[PDB]
Structure formats: structure tokens, C-alpha cells
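Read the structure below first, then the notes.
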């Protein structure tokens, strides 16, 4: 039953162990659970150059999406203070059982390089990005460097 | 202690006495009871070891239960006797007529040379014949001959059209009910089955088995094989499609014709339904019909996969089936699938993975029972799960493909999917539905048909390409629930009907409360980014109702919510992404009280 989700990840990992993601590094997961992973999303495009995501795989996987959640304080209009993210790829409208993880991340990553107020999870700085940009980039490199 | 001149009354006496005082080392004079007329008396239970009866006339006698080891009945008679449960070990019964019920009658090591079981019988347990000398004996069909001993064959070919020759002895066919079919039913006349008689002679008699087999055929009417009589045709496959029978041509060529029509009729009649377990003879024989007719692979697809799943596993024929499969997945309707990111070994090899230890690899590929370019991929374990109502599944445990293009299964009607494309999973699904009470509850709440049959037909799927967030859509919905809700709490009048109707009427505070959580959970998903609401805007009237259900549950029995940190955050979310919350509440239910959750929440959302 739930031994089949662990059965796929195993395959998915070795594929990463070889090639490797260049924008996602340091994936640590004990061979016991395997229903959850830890890691670091280290972006190269400012203002986030100068985050510990914790993707949690479900049991019925891969017939449900993974729940990527942030264990680090972030200043994004798409990331709730609880770490929650409203991602399209891991959303129950675009989910095909055939999606890898190197794709679910390449998506969650390219999101920070070009955010979207279309599906914002916080009205705290949604309009902030809208009207004054320099105010979201002179107020971002700060919050990024404080935590 | 006998002489045939003492009446049938005088004789009993001497015997019953005998049974009592059992010397063991009696004298020839004492044990001598030969030629004596014993027609009609009971002798059940007696200890008659070593007794002499050579010549005796036991016709119409009931000697059941009684011991007879080392007896000597050379030349005795048994017309319509009863010998059930008896013991005959080592006895001598050469040249002696036995026409009686021999239920579980033990003949181990006995001498039956030239005996004839003309029209005997047993009802459920066959006689015992290990190390019994039947050389020249006339045995009747159904008798299990395992361990037994028949002579080297005197006449290779047999004359009388009533007897079949298996080794040293004869298989009489006088009282055969006048139809060679009765004798060929392993499944229901197992006690009359001559196929059983033959197929259980020690290996030493293989050549005889084939000789006999070949001789049985010339007895069979093909114009009497018209009528389906499935257990006979089936029976034929299992017996004669096994060594040594496989090698003999004159036989095999006779089966193909008789087997093709049958297994065809079979594959057809059991298509889109569970596949009946079958012996090696039968199973193999099916594989050959799929080898010969590359078409059925598609016309009876489900019927075909299961066969191959049993074949693949079946020792002695594993590679022959694995072969047949990899000639199927060359189909222009299948190949597209085979070259899929994660199918089979995953080596991208495009070949199935046969080395698994938990049957959880994705090899099996089904095709739609209709022309709509649809095909799913699954795992033996998963294929199984989704085969039973009771299982705690959701029938989404696979990879759906429209024209070789992967799909988001969720945007699919599970009913319309299992009912027209893959009718197998349909019986297990549309029963897991009947059981689910969500649709029955949603029948009480709402009463506007134009709307009612709009939420039911959407609870059979996940994502819905149908929205209702519009300024005119929320105008349809609000119209419905205004009379039910109370701002953001449960309008007292409702809680009257609710806890009163057939739903919760007469239900413990534990279970009554429990239920409420689920139904509350239901409407959250309704207004989810997944369903009616978008991830940006969400139908406030539903989130509203939800809040009340999760609440009025609390005041019924809080020992269901457990923590209250939860309860506060549940509201701290439903009021002020309806998506994150749904599973958040679904997963706690499958954890706190699964049994009530698999009963009161859309099977297709599990």
C-alpha cells in the first residue's frame, strides 16, 4: 500500500544523486520514514542572494502531490508566514502522476525569480510589489538577511 | 468354526462370538468360514482379521466399520454389499466380484488380482488402493489409483467397446449412465471421473495413461459436445494438457479444436469480470488461445491481463507467458505507454519488470473496452486493492492515458471512467459508492433538484472544470443556504432537523459528533481551489456553512477533535486557500476514526 511511495522516491533519488540539481542542494532524508525530505533552496537571482524547504511526501504518492513547506522565515507574496506555498505544479488541477521532483522544484524556484500577485497568499505586500517595486527590493534584501 | 449347512442365523452367532474372544493365533479350523451363505446379515464393527471366507456369498451384506486385515476372500461375492470405512489391508480378494458401496474402504496392500468392481460407488471418499495388486482387475471410473499397482500391459490395444485398458487392468464402462460425459467431470462428478482414475496412476504407467487417453477419445461424441457443458470441456483441458499428454500428437491435435471454441467462449463470458482460477492444463491452454489469436489480446483486454498475471506467476510456464506479454505490448495502442518515464523496470527499457518481491511494479497495461484511446497503467498490488469495495482505497491508484498522453486523473468522472473504459474496477467502485452515505445526506440538506444533482455528480471526481464563483453563480448558491446558516454559525432550527433525522437519530455522542466533522470537511473541499472556488476567490457561503458543522460537532462531543489548538486554527483558516485545509482535515479523520470516515465522505476524494 504505502510501501509503494517509498518505492518510487528511491528511484527518484539516485537519479538526483548522479545528475544533481544546481539550484537545489543538500537533500537529507533518513531511509526509515522517506515520506518527507529536508533541503535548501539557494537562489542566484537577487534579492535573495545575500531557506530550508521541507517537502513532505504523502503516503498515496504519487497520486497526490508533495507538500513543499518552508522551515524558514520568508518575504514573498506567495509564501505564508507558516511557510505555506500556493504552487501550481503541486496543485490538484495540474497534477499528473508522471511529474518528477526535479520539475516540482524547478517550478517552485523559478517562482521567486518572477513572483505572481495572481495567486498571492498574503495581502501584506501584494499591492506593495504592485505599486512600488524599489520598496519591495529595499525591504526584501533586509528581511532575507535578518533570518 | 464353520460349515455352510448352518442357517443364516446359526452363522452370525459363531462370528460375533469370534470377534469377542480374539486369540490372534487361532487354528486353521477355527478361522475357517468358507463357502458359507452370508447373504443378508449385518457384520458391522466386528474384528475379523485373518478369517477365511474363500467361496463365501456375502451378497447383500453390510460389513461396514469391521476389521478384515489378512482375511482371505479368494472367490467371494459382494452383489450390493456395504463395506464403507472398512479395513482390508493385506487381505486376499483375487478373482472376486465386488459390487458394493466402498466409502473410504481401505484396501492397502491387498490382493485384487482379477477382481472386478463392477458398478460400485462411493459418495465422497474414495476407496484406498496403495500397493494393491489390480493386475487383471476390472476397476470402475472415479477410483483413485494413486500408489496402486497395475500389471504391465497384456494387450497394448483393447477390444470390447465397454472396457478401457490402463496397464494391467480394465476400466469397465457398462453402468456409465449411457453418456461418456458423466465420466469426465472433475469438478462435480469427481467420484465418477475417469479423468481422475487415469491421472492418478503412478508415473510408472505414463505410457499406459497416454495409450488409454488416446483410446478414450474415440469414445467421445463431438456432436454431444455441442451443449456447453463447461465443466466437462474445462475438465478436458486440465487433464490432457499435462505431461505426458503434451507430447502425444494424436491427442493434442484433438484438443485444439475443442479448446479454442471453449476458451474463446470463456475469455468472452468472463471479460471485464474476475478471472476464475484454473489448473495448469486449463491455464496453459488459455495462453495458447492468446498466442494463436493475437486479437483477443484487445477484444477481451481485462480477461487477458488476469490470465497473464496467473501465467507469469505459474511455476513451469512462467517464461512462456512473459513472452506472450512482450508480444502484446508491441501494439500500436500499447507501445506508446511502454516507453514511459516510469513504467516497468524504469530502465526506460520499455520492457516489463518480472523480478519483484511485493508485486508493486508498474507492468500491467489495460486498454479501454471502448474506442476512445484510453489506457491505464497499474501494479498487481494496486490492481488488486481497487478490486474490492471494502478496501480503504479511492480508485485513483494508477496512471491514466488518453492517446498515450499522461493525464491528471482527478479531472475525470470515476463512474463514467470505470463504466465505459475499464468495466472491471466498476463493480468494486459502484458498490463502494452505494455504501458511502455522503450522497444520501446531501439529499436531505438541499432540496433544489436543479442544484442538488449538481453537487452529487461532482463528488464522483476531484477537480471540476465547472465554477460557481460568479456574481450570478453565488446568486444561485446563496439562495439555497440563506435559510440554513446563521452568519457564521449553525441556525438553531437546523440543528433540530440534523440531530433528529434518520442520519443521527439514536447515535452515541461519540459517533454522532464524529460524523459532523466529516460533513463539515466535505463543504470545505467544495469551496476549494480544487472544486467550485478558484484559488484567488472562494464561495463565502459554503466556507460559512462548513464553520457551523465543525462547531456544532464540538458541542456534541469534544473528545473527537482532541486538541483545541487545532479547532481554533481550523476556524482561523476557514473564515480569515480553502485547499490546504481540506486534506488537513481529511488526514486527521483517517487517523482519529477511519471507520466512520470511509463511510461518510466521497470515496473519490479519499
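Chains as they are written, first to last, in the authors' numbering: chain C, -1 to 48, 51 to 147; chain A, 171 to 746, 753 to 782. Backbone N, C-alpha and C define an ideal beta-carbon position, used for all residues, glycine too.
message: For residue 546/A and residue 61/C, I'd like the C-alpha separation in whole angstroms.
response: 17 Å
task: Indicate the three-state DSSP secondary structure (helix, strand or coil) for residue 55/C in the structure shown.
output: coil
message: Taking CB distances under 8 Å as the criterion, tell me whether residue 20/C reaches chain A.
response: no
query: Beta carbon of residue 385/A, beta carbon of residue 469/A: below 8 Å?
result: no
query: Going by Cα to Cα distance, which pick from 178/A, 683/A, 296/A and 194/A is closest to residue 211/A?
result: 178/A
query: What residues from chain C crowd round residue 279/A, counting only those whose CB sits closer than 8 Å?
result: Simply none; closest approach about 54 Å.
message: By the 8 Å beta-carbon criterion, what residues does the stretch 131 to 142 of chain C contribute toward chain A?
response: none
query: Mind pulling the alpha helix (DSSP H) runs of 4 or more residues that sit fully within the stretch 365 to 415 of chain A?
result: 376 to 387 and 400 to 410
message: For a test of the three-state rule: what should DSSP assign to residue 696/A, helix, strand or coil?
response: helix
query: Along chain C, in chain order, which residues have C-beta atoms closer than 9 Å to that of residue 706/A?
result: 118, 119 and 120
query: Does DSSP classify residue 137/C as helix, strand or coil?
result: helix
message: So residue 94/C contacts chain A; which residues on that side make the cut at Cβ distance below 7 Å?
response: 578
- prompt: Can you list, in chain order, the residues of the stretch 89 to 115 of chain C whose Cβ is nearer than 8 Å to any Cβ on chain A?
  reply: 91, 92, 93, 94, 95, 96, 97, 98 and 100
message: Please report the distance separating the alpha-carbon of residue 270/A from that of residue 249/A.
response: 6 Å
- request: Please state if the CB of residue 262/A and the CB of residue 243/A are separated by a distance shorter than 8 Å.
  value: yes
Neighbouring residues, chain C, relative to residue 549/A (Cβ below 8 Å): 2
- request: Please go through the same chain and pick out, in chain order, the residues whose beta-carbon is closer than 7 Å to the beta-carbon of residue 46/C, but skip the five residues on each side of it.
  value: 112 and 144
field: Cut-off 6 Å between Cβ atoms - residues of its own chain near residue 769/A, not counting five sequence neighbours on either side
entry: 684
field: Contact belief for residue 98/C with residue 511/A at Cβ below 8 Å, rounded distance in angstroms
entry: 6 Å
Contacts that residue 84/C makes with chain A (C-beta to C-beta distance below 8 Å): 753 and 756
Residue of 746/A, 319/A, 782/A and 487/A minimising C-alpha distance to residue 758/A: 782/A
- prompt: Going along the stretch 5 to 36 of chain C in order, which residues come within less than 8 Å of chain A, judged by CB to CB distance?
  reply: 5, 6 and 9
- prompt: DSSP three-state call for residue 421/A: helix, strand or coil?
  reply: helix
query: Where in the stretch 512 to 572 of chain A do unbroken runs of the beta strand (DSSP E), each at least 3 residues long, occur, reported from the N-terminal end onward?
result: 535 to 537, 544 to 547 and 569 to 572
CB contact flag (residue 776/A, residue 647/A, <8 Å): no
task: Could you tell me the boundaries of the beta strand (DSSP E) in which residue 103/C lies?
output: Segment 102 to 110 is the alpha helix (DSSP H) holding residue 103/C; no beta strand (DSSP E) there.
task: Figure out for me which residue from 312/A, 707/A, 672/A and 710/A has the closest Cα to the Cα of residue 351/A.
output: 312/A
message: Would you say residue 51/C lies against chain A (beta-carbon separation less than 8 Å)?
response: no
query: Does the stretch 517 to 532 of chain A come within contact of the stretch 576 to 585 of chain A, defined as at least 3 CB pairs closer than 8 Å?
result: no
- prompt: Would residue 52/C be called buried (16 or more neighbouring beta carbons within 10 Å of its own) or exposed?
  reply: exposed
message: On the DSSP letters alone, give me the boundaries of the beta strand (DSSP E) that residue 298/A sits inside.
response: Note, residue 298/A: premise wrong, no beta strand (DSSP E); not H, not E.
field: N- and C-terminal bounds of the beta strand (DSSP E) containing residue 23/C
entry: 22 to 26
- request: Look at the alpha carbon of residue 609/A and the alpha carbon of residue 698/A, and state the distance between them as a whole number of angstroms.
  value: 19 Å
query: Using the beta-carbon count (16 or more within 10 Å), is residue 292/A buried or exposed?
result: buried
- request: Indicate whether residue 726/A and residue 682/A have their beta-carbon atoms separated by less than 8 Å.
  value: yes
- prompt: Taking only beta-carbon atoms, is residue 57/C less than 8 Å away from chain A?
  reply: no
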